[PDB]
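Here's the structure we're looking at; comments come further down.
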Amino acid sequence: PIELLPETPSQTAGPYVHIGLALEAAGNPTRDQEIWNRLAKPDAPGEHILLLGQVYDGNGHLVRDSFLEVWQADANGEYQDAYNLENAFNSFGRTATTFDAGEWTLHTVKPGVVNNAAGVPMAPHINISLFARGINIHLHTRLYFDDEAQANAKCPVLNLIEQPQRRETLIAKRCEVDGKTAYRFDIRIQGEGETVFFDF
Amino acid sequence: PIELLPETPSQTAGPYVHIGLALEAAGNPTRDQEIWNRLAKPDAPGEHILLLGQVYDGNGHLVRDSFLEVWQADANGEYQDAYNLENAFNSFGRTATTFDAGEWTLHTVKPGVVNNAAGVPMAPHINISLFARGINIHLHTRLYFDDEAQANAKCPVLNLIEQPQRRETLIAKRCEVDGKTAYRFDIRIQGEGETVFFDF
Amino acid sequence: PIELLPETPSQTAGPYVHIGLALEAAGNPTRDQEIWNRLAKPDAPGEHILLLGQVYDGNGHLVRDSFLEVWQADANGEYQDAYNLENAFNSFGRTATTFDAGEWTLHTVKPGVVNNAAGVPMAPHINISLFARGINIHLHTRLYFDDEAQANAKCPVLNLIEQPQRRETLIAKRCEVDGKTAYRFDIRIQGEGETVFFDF
Amino acid sequence: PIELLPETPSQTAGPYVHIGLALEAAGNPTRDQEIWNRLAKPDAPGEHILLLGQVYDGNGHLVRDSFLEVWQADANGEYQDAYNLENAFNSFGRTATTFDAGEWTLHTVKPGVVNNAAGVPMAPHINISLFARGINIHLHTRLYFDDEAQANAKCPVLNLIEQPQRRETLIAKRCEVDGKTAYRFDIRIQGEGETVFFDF
Amino acid sequence: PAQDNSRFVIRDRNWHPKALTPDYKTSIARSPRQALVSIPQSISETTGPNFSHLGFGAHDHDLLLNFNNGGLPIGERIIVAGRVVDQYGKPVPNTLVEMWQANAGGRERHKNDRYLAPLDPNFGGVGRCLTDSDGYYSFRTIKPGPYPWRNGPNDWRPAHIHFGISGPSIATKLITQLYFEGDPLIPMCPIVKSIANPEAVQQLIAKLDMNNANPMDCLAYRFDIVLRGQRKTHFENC
Amino acid sequence: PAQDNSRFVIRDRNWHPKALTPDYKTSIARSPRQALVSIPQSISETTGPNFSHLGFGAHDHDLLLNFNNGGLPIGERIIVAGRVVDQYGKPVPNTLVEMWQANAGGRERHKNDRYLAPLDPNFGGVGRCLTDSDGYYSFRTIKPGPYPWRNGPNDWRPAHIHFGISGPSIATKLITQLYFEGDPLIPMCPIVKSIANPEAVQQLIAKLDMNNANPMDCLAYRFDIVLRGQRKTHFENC
Amino acid sequence: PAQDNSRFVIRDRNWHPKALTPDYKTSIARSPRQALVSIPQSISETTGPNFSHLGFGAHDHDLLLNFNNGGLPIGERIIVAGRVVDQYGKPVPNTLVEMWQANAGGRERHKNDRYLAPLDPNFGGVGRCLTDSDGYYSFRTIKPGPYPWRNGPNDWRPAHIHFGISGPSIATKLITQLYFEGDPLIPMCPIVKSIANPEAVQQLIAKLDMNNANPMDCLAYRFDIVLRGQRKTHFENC
Ligand SMILES: [Fe+3]
Ligand SMILES: [Fe+3]
Ligand SMILES: [Fe+3]
Ligand SMILES: [Fe+3]
């Protein structure tokens, strides 16, 4: 068969992943421009939301050294690839769970509807990539919302998961933190209530 | 040492095992003579029973594409090997679980007692072979009855299972389906309350 | 692929092929029972014919050391395999061209119609096998008759030969030798007017 | 020595070359634009001629499945490489012989004079490429005209053929088909009067 | 009735595929975590059904004619033949050989198969044959095409025919898959790779049989099946 | 008009098949007995047609849609793609690549083909594509099936697609055949064996391309074509 | 009468010697220039003569006694024995095996043989034997000597015995030559070299059989003959 050049193999992000990718969370001095958890500036269009969650291992214990990267569409359902800190909204962002804060936070807007390759509408989602010590190659997942039940039942990607009980793990529960709209999304890497991870 | 010709390796029966071994269950037209779940005709000697069950995977979910083959003796404790659809009783039968019916059914009589190689009597049993997608080589098990407690405690095969809590998984619970004598035999392939599988 | 045992390779019959297969033609004493050119005894059913011909090489010169074997059906279109010198007709016979007689002779009856594998009628034919020095592996040919033009135009084997001009080489011309019905069949191994040779 | 990448090996065009390169001749429906035998439209400059011929194998039999490609200059001696069906003249064309029509036809104009690499004028010619079953790698030849005797005797390509009797095979005989100027060019692939084939 | 007079050679479970083979995804949740319990052979295990008296139709083995809605199937006409022997080389006569496959495009005749390749109105994909006195079987069908499945993002099953063989007992019963010679998809399939030993993968590859082919008609493939060795009981119960 | 500015590398006629190859029967009467006459390259040989302005239809390269009588063809959906380069590795842009094949069963859409395998009412078997700026071409079709032919008593052609490539000149023009990876019929075919060198047979074998495959849809094959090397004229006529 | 129930494996014409082998001079004018026409097997080709009822003399297989004019032949007393099987390994019973050879000096009993080595008054050189139930034949003769022939200026034929085997049909009918183990003239003979494959030459070589030799009497040679494989018809005419 036709063999291409092999891809450079993955290695764990390591315990001290924060010194290079999350400088403030690592208690080290920052540079002028950093890629962090504030995707939307207070004046950006759409419904402003606060995302929070914890990451658990197979023994039900907190992963206090995880690193997460997010990729989502804007309120109109468009992906803004040109990253600039002067933009009202950026489609990319980074967050982490530390020893001081075992809970990650993300400030963004609720994403609009985007279509798949076949032209069929996908439910509002946020693409997540999980890195940490013990994770040799990053885990890919999606975050869906509980107040969008009608679109979640018709999503082509969510309907690919055979068992309905496993679809529930990708659904973030709505709550309120200080008068601001918030969604809680816990990731269970292994065991009971294990989060669905993707390959693409 | 002495090496013989190697046995042809096993492969999974696949998700569509029904098109070749359960034509009716596959929604396709049947041939004149088929091998199915009716082991005994109404005028056959012995106690007429109905067997039913569900197959579960390691996550507690139903296996809707399982295929089962049964081998049992008659009421007089004899194995009828000459398969014919004109016979009042046949020792062989096939059943399955479909997406439409996630529960398999088998119409037969309660088997008689048969002796092992050493002349010691075995408790009334039905030999089952389980095939499905995800199962590389078929699983062997035995179905015992709960109302035969005295014979089950003396069975030389059941006593080979070290732990008594694992013997209970091979015991079918007596119930009634539409005012007819029935026994329920659920198979748990993996996990909590895992069914004992044999090798011979 | 599947490989079977290889067939023993062919070698030329050699210049002195007559000492072992045509004893009388070799001027050597014969044994009690010999396989020769008299297929039909004077009292056998059907139209009694005399076949004669010469064999030419690529330079138009006579092959005076050829050996031929024939196989034909009887007047009713049946192959008589049980060779016996007491039979009125035998389906097998042998002939040769010598230095004393550069022309071969054969005394037989005209064959009846036999069907091919598909049930389609073949025209009256005689299967010939040619052996000689210089011929490494024997040549297979068929002899057809000129007075059976209607059947020759419809024969499945004769119609397999692409060019109509090459079909004429397998057709023996009718003549008369001393009041007896005779057909002349010349074989041209190479060159102008080359005889069609078969593979099967 | 210096070795370059090897050229992809040639294979026979096969008996059914017509389904991909002569759709009309194959009795199949044609596409909007096809490459066929009409090189010149009625209002094209130069002397309008009709070319025809038959292709013969080594046994003197007609090759009814031949496929021919032609390349010629216009009346002014120039090669029109930009193929378009709207043009009055195209330097390229394709023709064939079918079972229905064992004779190929080509409608074009008489080509003008073109110079070789050394500036010496070549006689009016048409470059032909012959493809068919049995022909492993295509045969190259040239068509010259009999009424151009003075230019043919001086042609630097025709003078490379050692024997003058072999040059006559490349010369098309002038005749008339339906009161129109025509030239007959028969190709003999093998044997007596074999056509000169080129290598370049 | 059937008697306890035979013993079968113990299965080499390191030759056969293992239950847990991660790359074949569905095997993760459908494999036992507890060990298989070994039991001696008895009349329940050493006996099995005999299908000599089963009413076989005339075209049960011929997939080119057993569905027939007024025509012939589109695809490479092939004959699949071979012999059913045990580990000692002894033939297994009067045994049931069952088979099922996809059409020339990889589409299977089942409601759950939603692959975009069309169904062939003259092809069913089911076959059965009883082996003769010398253990030989024969099927006439079309060569199945490969098909994709939801395992990895670009996983493709090689062209295959699923086989089911009964044997003299339930101890010999086997379901397997036949693969075709030279198919480049064979070393890539995770179901094939469930078998650890490379020499075992070779036993599943049907070889091109030009000798069994019908000239100007159909090609042929040879597939020999080896079942568990059968021997007589000796020195038992002293 | 076209000009005489290029020279083409001379063909290696011991790499390419010979005219007289006895096992391929029809080649006996259709091969020259006299030697080919060598002539220098001129404007007649170094120039050729350019098909950039030819009116290509939207589905000319797509054999899954270019015949369409109300459906999809039965067979293994495949993509046949590759690059057209010369002997120096230089791409050949805007060149005509033509192709023709049989259906999934080995039946060709021609009146003279009387093979018993049925015709596919949704498959024609003809394709054309013009290479892009980088010399790439692409076709979408079904994988053709093998077929028998009257040569030897049991001769079978391997699954193949016939190719026709124009190039920058009539000197580069080539007609060839593509074969598929691992096909056991390749070392047995007398048309393939017309080529003496085994390394040359390998250049005709299309390799399985999983990287160019469309997941859950169609497989892919890679076939690179190498034409005669083109170089500029130097030190001619002194 | 004979019936059409058998099919024979097609001959490998690249294993067998070709028709045109120039080093064997007489083959140049006695070989067809046109290709052989392939035809399907019918009753005319799949049937053949059976010689069970032919009246064999008591010494027909014994070349030491079948000529007899007063004594024994001069030469190495040998037994030539073997088995006639088909390509499947199945024995060919009640078949006709005919043989002819030269005397100990290379002189054949024919008028055209004017070689200066004398004739043996007690040797003829002809033998015939019908194979038994298991396909075995046996001949008792003297080892033939080499002889020269007008081909090249110094060509010598190795020591050989010509063999003629009938088989179940005219399709299996074969004439060949047996050679002796270790004879240094074998690789130098142009008739032997008519066979291209060196592994094919090996099948024609008789091996010394000390096990089948009679102590204090005669040596023995083994020569097994393999005829075209016979199989029953299947899936014909549908
Ligand atoms: Fe580190
Ligand atoms: Fe399958
Ligand atoms: Fe000799
Ligand atoms: Fe073709």
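In the text below, chain A, chain B and the rest are named by the order of the sequence lines, each starting its count at 1. Remember, it's 1-based here, ligands and their atoms both numbered in the order they're listed.
- A donor-acceptor pair under 3.5 Å is formed between the side chain of E/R114 and the backbone N or O of E/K111.
- Figure legend: cation-pi geometry between G/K143 and G/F180, with NZ or CZ positioned under 6.0 Å from the six-membered ring centre and within 45° of its axis.
- Annotation: G/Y221 is not in aromatic contact with G/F223 [ring centroid separation under 6.0 Å not met].
- Listed for the G/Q177 side chain is a donor-acceptor partner under 3.5 Å among the backbone atoms of C/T12.
- Of all protein N/O/S atoms, those lying under 2.8 Å from the Fe ion (ligand 3) come to 3.
- When atom types are taken as modelled, the side chain of B/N136 and the backbone of E/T21 share no donor-acceptor pair closer than 3.5 angstrom.
- Within the 3.5 Å criterion, the main-chain N or O of G/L119 finds no donor-acceptor partner in the side chain of G/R109.
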